[PDB]
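Below: one structure, written as structure tokens.
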Amino acid sequence: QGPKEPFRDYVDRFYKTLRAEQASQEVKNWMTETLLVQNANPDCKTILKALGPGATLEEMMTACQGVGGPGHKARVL
Amino acid sequence: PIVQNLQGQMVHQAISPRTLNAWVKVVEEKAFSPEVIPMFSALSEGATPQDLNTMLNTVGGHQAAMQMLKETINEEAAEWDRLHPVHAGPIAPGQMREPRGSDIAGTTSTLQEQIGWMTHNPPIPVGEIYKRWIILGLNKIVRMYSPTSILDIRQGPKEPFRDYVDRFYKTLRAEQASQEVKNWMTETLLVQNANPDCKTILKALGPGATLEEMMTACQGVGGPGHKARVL
Amino acid sequence: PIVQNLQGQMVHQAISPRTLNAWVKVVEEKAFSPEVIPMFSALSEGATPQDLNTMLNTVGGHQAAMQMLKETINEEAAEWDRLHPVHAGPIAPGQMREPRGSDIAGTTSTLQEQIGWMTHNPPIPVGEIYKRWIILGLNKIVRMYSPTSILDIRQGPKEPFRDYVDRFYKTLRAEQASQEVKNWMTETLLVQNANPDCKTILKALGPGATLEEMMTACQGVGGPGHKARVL
Amino acid sequence: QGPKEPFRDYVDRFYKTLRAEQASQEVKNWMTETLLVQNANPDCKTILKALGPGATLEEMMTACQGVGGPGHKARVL
Amino acid sequence: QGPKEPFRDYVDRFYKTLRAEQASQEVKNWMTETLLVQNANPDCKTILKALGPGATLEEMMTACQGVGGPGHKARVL
Amino acid sequence: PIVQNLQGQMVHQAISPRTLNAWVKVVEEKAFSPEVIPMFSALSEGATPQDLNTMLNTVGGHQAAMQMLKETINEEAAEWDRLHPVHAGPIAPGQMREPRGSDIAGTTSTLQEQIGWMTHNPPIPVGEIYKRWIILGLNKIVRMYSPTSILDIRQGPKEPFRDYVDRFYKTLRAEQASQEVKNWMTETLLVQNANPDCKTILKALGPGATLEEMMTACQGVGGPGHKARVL
Amino acid sequence: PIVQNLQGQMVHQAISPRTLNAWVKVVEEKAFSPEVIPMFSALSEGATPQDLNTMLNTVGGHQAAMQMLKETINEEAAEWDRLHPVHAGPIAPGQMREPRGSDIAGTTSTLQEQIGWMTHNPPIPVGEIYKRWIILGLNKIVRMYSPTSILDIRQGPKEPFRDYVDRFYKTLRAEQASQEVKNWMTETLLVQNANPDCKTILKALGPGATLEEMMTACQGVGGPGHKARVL
């Protein structure tokens, strides 16, 4: 993920190439835990690390609809 | 999907490619819009579990939303399997082996066996429950999509009542709440977030006001007439 | 909808997706126009209550207007047991329950119950009544859509009769009045609302002058009744 | 109704004209209901709009009787 | 009702003398509809008249809970 | 009212003088405050309508409110006498004749007769309904006595959450709304009418916490989210 | 509460007006102070959930603590029900149901029903349990009340030991920590938080002794204001 690249584009790019997985279901789950913070840009990585381990995709998706993209307005409630 | 009754016993016919092209076009045009959720239900006919995954699997770009939805389906399927028509141990020969959470879907069920448990004895609503779980996942996706809350909608200095109302209904559509709660709020929130000029007109409408009367009251130019000095 | 005649008894099937696509596109572009109202009546042959309900729920851009229609169906359903027969409550075993006000639509009664009372016993016009109520809602939407009144619509100084008369007809569609009263109003209307250039030749056709004769005169004069200088 | 014209003169002038109209009752009732409010002066029109739809001449005149003058307030003339 | 006397002050005074009236219950109720507006000041009276005929004490109190002071935009101190 | 069981069958006794004097003083001290509503129910020990009516009849200065309460009680009696069974005119000998809506009232009933229906034939709940009607009228009075309402509550620029919530708790017993609505209102109101400094603190805590947890979060931060710290 | 036993069987008498006034006045004048907790034990002679609930509901302006306390009671009732589910559901004919965890709450069960399981059949201490739950709620409330914390206490320059020791003991009331931990803390805090002039006196007194001996020395040396200033 680039510094000006939004989180949603990065997630779509990950899921789009994950279609071509050609690998185990166990491996996909195992990768999914680390990959999101691992390939993240420095701007969004701080939040992803703050959420930390033991978080589902729904929980992370909910958190990430609050951070937005570069030059955006803050979200609160 | 399964079809035929009065002209003989039901037969599973392959879903139309025209419908698949329309689904791709709807996804390209407005993937995350709330209007997609009843459109999917409306197009769905003769629930055969295997066919229900075709809409999910033929999706283009927004694969991530479908993958998140599958985790919701898995949670619902597991909850159903363990708390509702739960079965585990031995069962008599020939029996349809009381379907498990994964077996309700095409994931661990093969088509000839699946069709067999649908047509041999009285209907089993396996596709119907699976379809309900998809609606529960779709309800989450519109919530994830939404960028504005119910309170974020306000009428600016030069913004018409018509376009203010449009935005209020658009965020209300994605609010996912009780019918009573939506109504109880609608009476005050429109008045609270309205611009001063229109707010005086709205404030004197009074309690128990119908949407039809609100539409007739707000129809004209909204010039001189009413005076709020009593509330 | 329920359909089948020549081959045997009627069977509940789904609306064509090809027709649904055609309906969706005209609704996207001509949403509040009365030209879509005959399409609704013509295409809704053999209507089943649940299927009619899907059309209302799948609304896009023009959602706010549709919410007033949702309220109207509920009020009409209530009126159907308050002004029209409430029809007791208790019923002897082996009879199909019979439809109460909310049972006319999809709100409280099931599809199996709807098909059951339309097939087992003489057909009940529940789909026709709901269709009638939806059309009544469309007439209300057209009424609220209207932006101008008969007195307000006056022909501009550079405006021709052909473009003015179109605005009068568009305005007239939303007036909801008896034909005799509309004729009675129409009689002096064209000379009353015409511009000064148009009025001199328009009133020169004789006593009153029928609308076809006014159109005939309009054809010969050309443009706003003067040659050249259009813009 | 002009700027200083009262409702009593205005309604009487309308009835003086109405009697010579020689036309069906439904047409008369239909034009009567909307015309009086529309051709009323701004000051009286505001009160007529506040009173609003429903009833017939008896209740409307009864309300107008209590309102008095050419609108605004009592203690002018 | 005086210039700066709110409805709450005025209504308490009206019921204070009604305690000592010693009259028929029907007559007291029947008189009350006219008496409340009759002894009201013109600023308060205009809004009381705007509520129209057939208005209960509860309805009048509900209106008087939103009238504001001895008439809005006029000093109370 | 009527009291006694172990020592023998029920005997009539009048209301205590300290209770009556305390009731007079509480009205002088605290007027129509919502705290008086549970206190009045506690003070009114033994529900005999004629004795309960004595508390209403001994009220001082705030007589104007009592007239509205009296009319409210008359409306409630009218509702009771109409909606619930009216019963036959004559009655079989030995029976005391069942109380009507107006029989609850002190004006229609005689005390010996009133005690009779609470000690001869099975006890009629006349006191329970008479108190219910009075409580319903007192509920209307707190709305009239209110100087502000929930959507008019707002946190000032320097106000700490303690000052803001002290005011909210004072108007809380003037809400008189359903628990379902009240829970939703409590969740929504506090965050949206908060000052910008407090909004950051509330945002940091976020949804998914108890009243105690939110209060603990507010307690720890100090002042409106920081203030003077001379240590 | 249910009064006496010597004369015969227990008799339900509503809470005394004098006790109710005294309780309401103490809450008003001392607010949310730690001293209100033993006063609650003192003014609650005879324990019945409904009567105890009425005392909480009679409180004036100071409603906020009562609302927080009410939520805490609900949690404790829920906890008792899931902690002990052994007697849950239907019971044999002749038994009056007997309390469930939620029936202990004054907002759940009825007054006659509450007395029934306190003396008409085997006594369950529901009132004493409700009092204990209230005390747990009060322990939580004094955390909110507290304005200064032990390590932030610094004795002023002209401030004497008598003000300082009083402040320390008053502050320590709301910590709810065990006596062994409190006694261990008490050993070093007194010389640590002391001002320079009083600190040397405590250092001089040194290890061993007891609070009476330390206070005896401090009381004997007098105030910090000297008449030479060797201090």
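Every number here is computed from the coordinates shown, using simple stated rules; none is lab data. Backbone-built Cβ (ideal geometry, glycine too); neighbour counts: all protein chains shown.
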- If each of F:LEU189 and B:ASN74 carries a label point 7 Å out from its Cα toward its Cβ, how far apart are those two points in nm? 4.3
- Task: Over the range F:89-212, consider all pairs of different Cα atoms and compute the Kirkwood hydrodynamic radius from their mean reciprocal separation; express it in Å, one decimal.
- Result: 19.0
- Task: With only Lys, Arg, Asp and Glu charged, each at its Cβ (+1 for the first two, -1 for the last two), find how big the charge dipole of the range C:148-221 is about the Cα centre; round to the nearest 20 debye.
- Result: 160
- Size of charge dipole - the range E:1-67 - debye, nearest 20, with Cβ of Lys, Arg +1 and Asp, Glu -1, no other charges: 180
- Within the range E:49-77, which residues have the backbone N less than 13 Å from the label spot 7 Å out from D:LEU57 along Cα→beta-carbon, could you tell me? none
- Against the globular-protein guess of 2.2 N^0.38 Å, express the Cα radius of gyration of the range E:7-74 as a ratio, rounded to two decimals. 1.15
- Item | P(r) weight above 17 Å for the range F:148-221, C-alpha pairs, percent | 43
- Cα extents of chain C along the three principal axes, largest first (Å): 79, 39, 38
- Item | Dipole of the protein assembly as shown, positive end: most advanced residue of F:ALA77, C:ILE115, F:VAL24 [Cβ charges, Cα centre] | F:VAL24
- Starting from 0 in steps of 20 Å, tell me what percent of the Cα-Cα pairs of the protein assembly as shown lands in each bin. 7, 25, 34, 25, 7, 1, 0
- Separation of the range B:40-119 and the range G:17-79 by C-alpha centroid, Å? 55
- Query: Where does the range B:1-131 land on Rg(C-alpha)/(2.2 N^0.38 Å)?
  - Reply: 1.16
- Query: Can you give the helix-only mean residue ellipticity at 222 nm for chain C, where every DSSP H stretch with n ≥ 4 adds -39500 (n - 2.57) and the sum goes over all residues, rounded to the nearest 500 deg cm²/dmol?
  - Reply: -17000 deg cm²/dmol
- Note on the structure: Expressed in nanometres to one decimal, the distance between label points 7 Å along Cα→Cβ at C:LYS158 and C:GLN219 is 2.9
- Message: If I take the Cα coordinates of the range G:99-155 and project them onto the principal axes, what are the three extents in Å, biggest first?
- Response: 59, 19, 15
- Simple label model, 7 Å out from Cα along Cβ direction - G:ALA31 to D:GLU26, nm: 7.6
- Query: Tilt of helix G:126-145 relative to the longest C-alpha principal axis of chain G, in degrees (0 to 90, nearest 10)?
  - Reply: 30
- Principal-axis tilt of helix C:179-193 within chain C, Cα atoms, nearest 10 degrees: 30
- Query: What's the angle, to the nearest 10 degrees (0 to 90), between helix A:25-38's Cα axis and the longest principal axis of chain A?
  - Reply: 30
- Note on the structure: Short to long, in 10 Å steps from zero, the percent of alpha-carbon pairs of the range C:56-161 per bin is 12, 33, 25, 15, 8, 5, 2, 0
- Whose amide H sits under 5 Å from the amide H of C:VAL11, counting only residues 5 or more places off or on another chain, with H placed in the peptide plane? C:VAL3, C:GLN4
- Can you spot the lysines whose alpha carbon is less than 19 Å from C:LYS25's alpha carbon? Ignore those fewer than 8 places along the same chain. B:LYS25, B:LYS30
- Task: State to the nearest 20 debye the size of the charge dipole of the protein assembly as shown about its Cα centre, where the only charges are +1 on K and R beta carbons and -1 on D and E beta carbons.
- Result: 3780
